[PDB]
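Colleague: Got a sequence here, can you build the structure:
(2 chains, ligands or ions: 2)
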There are 2 protein chains.
Amino acid sequence: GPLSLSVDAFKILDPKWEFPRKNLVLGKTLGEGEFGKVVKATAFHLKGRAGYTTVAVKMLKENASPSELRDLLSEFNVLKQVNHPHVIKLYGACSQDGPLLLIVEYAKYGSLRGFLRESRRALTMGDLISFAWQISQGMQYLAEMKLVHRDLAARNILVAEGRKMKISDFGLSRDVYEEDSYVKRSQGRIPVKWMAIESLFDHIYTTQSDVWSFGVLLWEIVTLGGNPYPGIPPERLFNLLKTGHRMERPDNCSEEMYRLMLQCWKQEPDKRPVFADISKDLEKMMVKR
Amino acid sequence: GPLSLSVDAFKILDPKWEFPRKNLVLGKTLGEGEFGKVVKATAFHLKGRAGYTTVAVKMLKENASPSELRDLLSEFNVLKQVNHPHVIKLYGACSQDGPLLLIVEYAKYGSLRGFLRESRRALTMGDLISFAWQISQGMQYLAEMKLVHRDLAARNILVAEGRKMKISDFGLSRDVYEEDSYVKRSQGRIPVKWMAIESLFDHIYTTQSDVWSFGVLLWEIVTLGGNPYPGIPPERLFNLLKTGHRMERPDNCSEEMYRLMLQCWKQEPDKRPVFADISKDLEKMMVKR
Ligand SMILES: COc1cc2c(Nc3ccc(Br)cc3F)ncnc2cc1OCC1CCN(C)CC1
Ligand SMILES: COc1cc2c(Nc3ccc(Br)cc3F)ncnc2cc1OCC1CCN(C)CC1
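Modeller: Residues are numbered from 1 along each chain as shown, chains lettered A, B, ... in the order given. Ligands and ions are numbered 1, 2, ... in the order given. There you are, the coordinates:
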């Protein structure tokens, strides 16, 4: 099937991306998600860097399904193609003898959500706008490469040295060069509370559904890692969204910030802003403060 | 889409299966898997039982995707239809106001794998054959109801009072009344090392692929909860199975037991035994010992 073909094609291919397993040393587990497991690691003589370099490594969990393996392969295939100061940087993979291991630049502070939840440490509204803005700039880049990310969320953004946002977790990202949508017949593996209404109901994913997600991400940022639609079970989200409900304005959120959230959550995809207008909106808020 | 329809139809339906949330009290987490989370619980005045009854409750994890929600709904829909001494028994669900909670009879010893791994406690080969036989009897029942379970594995069998096997985790089970196969276009969420070769390569699932899985389950039983294809990365399983390799005979396994494993792992589905012959094979081994 499609996977066996990919596995075979792969297992027979770019020396630019091959790293020798014997120069990688694995360490403590940093995180496990629905698709893969990340460890801290160190790499010897990585891409012309002398000595060891501290890195992070993603790999399959115990008892991986074909689905999770398609996702790892595909994340690897997307990571090879993207370069941006605000997208996670790929160094290579070990693929030969042993499990597939993707090697990326280590992000000092880990996930944005963890970073926010551990805060009050003391962050200003200008910091929060700055964080959102860096992501929007990463997103406008991905939108111009004709990728839909699909999994935008505070847990899938990393925070590197000097509080730099790196967009992460490219396993669910799809190419939309041809038709400007990605459509998935069976049910998605993205959490329901981050999904655009037309992704929920109609399985349509676009840059405008990434915008919806960013809307939710903004709320996570503003609430310092709060839980979206708190107390509300995911199954209730069908009826809640279709009848035109959205999340209340949270505490410590301007009216201008909240209106941006709402414009990202418009029922009609075309009424939402594109990432370039989002970046302009955020620059304008930063400067006014 | 299909899910929004199911959610709406559901959220408007059988009093036989409704349990009042206010008579359920939830307790410690027993387990989390790829699809749901199980807690220990107690239920007051459950289905005509006086006082409290100790039960287990399955629910969605944090940040459930549509996929996991389809799975919970569907597990519930299958559990309503099956009754067998060796299939987990369903008591009801809380579905009204609050998250969906499926309530099942509590299995004293938890998962078969955990049960085996904690053993030497002292189990005989006759115990192991007995365990396999009870499962095969459950499976022959499910095969006659025209279900393919798809997720057969030691981790998805529970051990109740008096060492009784309960087949569990019906989220991936499909109806095959019409065509005797279930075919899935996108990639499956069942671990690769339990999957029949035609499920791996061609996305075809039948009773004969459940047999393949039982083959693997037998190995887990015989090795007392060993890890299938140990040391081998899942991605290597395509080429390893297609070139006709299977797992070696493990220690403490008769030649007759091993030949059954191999007959379950035949390349051609039709050469494998049906669950009735499996049960006969196992009865015959029990009696000869
Ligand atoms: C789950 O946590 C991390 C994931 C990382 C991560 N994840 C990741 C995402 C996609 C891919 Br491909 C590979 C990865 F390693 N990449 C780089 N640096 C990371 C760094 C991470 O955390 C670093 C923190 C640093 C602070 N202490 C409190 C805990 C660990
Ligand atoms: C993950 O562990 C369990 C799962 C159970 C379980 N899981 C389950 C499967 C499908 C559905 Br629907 C609902 C469920 F609760 N059902 C009934 N009893 C269970 C009992 C379980 O474990 C009981 C053990 C008992 C022994 N101690 C060491 C730990 C807990």
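Colleague: ok, now which ones touch residue A:8?
Modeller: By C-beta atoms under 8 Å, 6 or more residues apart in numbering or on different chains, residue A:8 lies in contact with B:238, B:239. Any C-beta I mention is one placed from the backbone N, CA and C, and that applies to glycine too.
Colleague: That one: helix or strand, and which one exactly?
Modeller: helix A:2-10 (DSSP states H and E).
Colleague: Tell me which helix or strand comes right after that helix.
Modeller: Downstream of helix A:2-10, the first helix or strand assigned by DSSP H and E is strand A:24-32.
Colleague: buried ones in that following strand?
Modeller: A:24, A:30 (16 or more other C-beta atoms under 10 Å in any protein chain shown).
Colleague: If you count contacts, what does it end up packed against?
Modeller: strand A:37-44, strand A:52-59, strand A:110-111 (3 or more C-beta pairs under 8 Å, 6 or more residues apart in numbering or on different chains; DSSP states H and E).
Colleague: Can you name the residues of the stretch 51-200 of chain A that neighbour chain B?
Modeller: A:60, A:63-67, A:69-70, A:98-100, A:184-193, A:195, A:200 (C-beta under 8 Å from any C-beta of the partner chain).
Colleague: make it 10 Å
Modeller: A:59-73, A:95, A:97-100, A:153, A:155, A:184-195, A:199-200 (C-beta under 10 Å from any C-beta of the partner chain).
Colleague: For ligand 2, give me its nearest residue in the stretch 51-200 of chain A.
Modeller: Closest to ligand 2 within the stretch 51-200 of chain A is residue A:63: 15.1 Å, counting by C-beta to the nearest ligand atom.
Colleague: what's that residue in contact with, if anything?
Modeller: B:33, B:34, B:153, B:155, B:190, B:191, B:192, B:193, B:194, B:227, B:228, B:234 (C-beta atoms under 10 Å, 6 or more residues apart in numbering or on different chains).
Colleague: For the helix or strand harbouring residue A:134, buried residues please.
Modeller: Under the criterion of DSSP H and E, residue A:134 resides in helix A:125-144. Residues of helix A:125-144 classed as buried by neighbour count (16+ other C-beta under 10 Å): A:128-143.
Colleague: can you give me the offset of it from its chain's centre?
Modeller: Chain-centre distance of helix A:125-144: 12 Å, with C-alpha atoms, centre = their mean, to the nearest Å.
Colleague: Give the next helix or strand downstream of that helix.
Modeller: strand A:147-148.
Colleague: Take the helices and strands packed on strand A:24-32 and write them to TSV, including distance to residue B:176.
Modeller: Listed next are the helices and strands packed on strand A:24-32 as TSV, based on distance: least, C-beta to C-beta, whole Å:
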stretch	distance to residue B:176
strand A:37-44	34
strand A:52-59	35
strand A:110-111	42
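Colleague: show me the contacts for the closest residue to residue A:278 other than its chain neighbours.
Modeller: Nearest residue to residue A:278 in three dimensions, chain neighbours excluded: residue A:136, at 4.5 Å (C-beta to C-beta, 6 or more residues apart in numbering or on different chains). For residue A:136, the contact set (C-beta under 10 Å, 6+ apart) comprises A:86, A:143, A:165, A:211, A:214, A:217-218, A:273-283.
Colleague: one step back: any chance of the helices and strands packed on strand A:24-32 in TSV with mean neighbour count as columns?
Modeller: Formatted as TSV, the helices and strands packed on strand A:24-32 follow (neighbours: other C-beta atoms under 10 Å in any protein chain shown):
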stretch	mean neighbour count
strand A:37-44	18
strand A:52-59	20
strand A:110-111	20
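Colleague: so which of those gets nearest residue B:19?
Modeller: strand A:37-44 (36.4 Å; C-beta to C-beta).
Colleague: centre of the chain versus the closest one, how much separation?
Modeller: Using C-alpha atoms, centre = their mean, the offset of strand A:37-44 from its chain centre is 19 Å.
Colleague: now for it, which elements pack on it?
Modeller: Using 3 or more C-beta pairs under 10 Å, 6 or more residues apart in numbering or on different chains; DSSP states H and E, the elements in contact with strand A:37-44 are strand A:24-32, strand A:52-59, strand A:90-94, strand A:101-105.
Colleague: how big is the angle separating that strand from strand A:101-105?
Modeller: 70 degrees (axes from the mean of the first three to the mean of the last three C-alpha atoms, to 10 degrees).
Colleague: For ligand 1, what is the nearest residue in the stretch 101-250 of chain A?
Modeller: Counting by C-beta to the nearest ligand atom, the stretch 101-250 of chain A gets nearest ligand 1 through residue A:110, at 2.8 Å.
Colleague: which residues does that residue bridge with?
Modeller: Beta bridges link residue A:110 to residue A:159, judged by DSSP bridges.
Colleague: my read: it touches residue A:38, true?
Modeller: Yes - with contact defined as C-beta atoms under 10 Å, residue A:110 reaches residue A:38; the gap is 9.4 Å.
Colleague: shared neighbours of those two, anything?
Modeller: Joint contacts of residue A:110 and residue A:38 (C-beta under 10 Å, 6+ apart) are A:30, A:31, A:56.
Colleague: tell me the contacts of residue A:133?
Modeller: A:86, A:165, A:278, A:279, A:280, A:281, A:282, A:283, A:285, A:286.
Colleague: Among the contacts of residue A:63, find me the one that's closest to residue B:250.
Modeller: residue B:228 (10.4 Å).
Colleague: Checking the closest one next. Helix, strand or coil?
Modeller: Going by DSSP: H, G, I helix; E, B strand; the rest coil, the secondary structure assigned to residue B:228 is coil.
Colleague: so how many other residues sit close to it?
Modeller: 20 (other C-beta atoms under 10 Å in any protein chain shown).
Colleague: gap between it and ligand 2?
Modeller: The gap separating residue B:228 from ligand 2 is 20 Å, by C-beta to the nearest ligand atom, to the nearest Å.
Colleague: Go ahead and confirm that residue touches residue B:220.
Modeller: Yes - counting by C-beta under 10 Å, residue B:228 touches residue B:220, with 6.9 Å between them.
Colleague: Quick check: neighbours shared by the two?
Modeller: Common neighbours of residue B:228 and residue B:220 (C-beta under 10 Å, 6+ apart) are B:153, B:154, B:194.
Colleague: Generate CSV for those residues, with secondary structure, neighbour count and distance to residue A:77 as supplementary columns.
Modeller: Listed next are the shared contacts of residue B:228 and residue B:220 as CSV, based on DSSP: H, G, I helix; E, B strand; the rest coil; neighbours: other C-beta atoms under 10 Å in any protein chain shown; distance: C-beta to C-beta, whole Å:
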residue, secondary structure, neighbour count, distance to residue A:77
B:153, coil, 23, 30
B:154, helix, 26, 34
B:194, helix, 25, 26
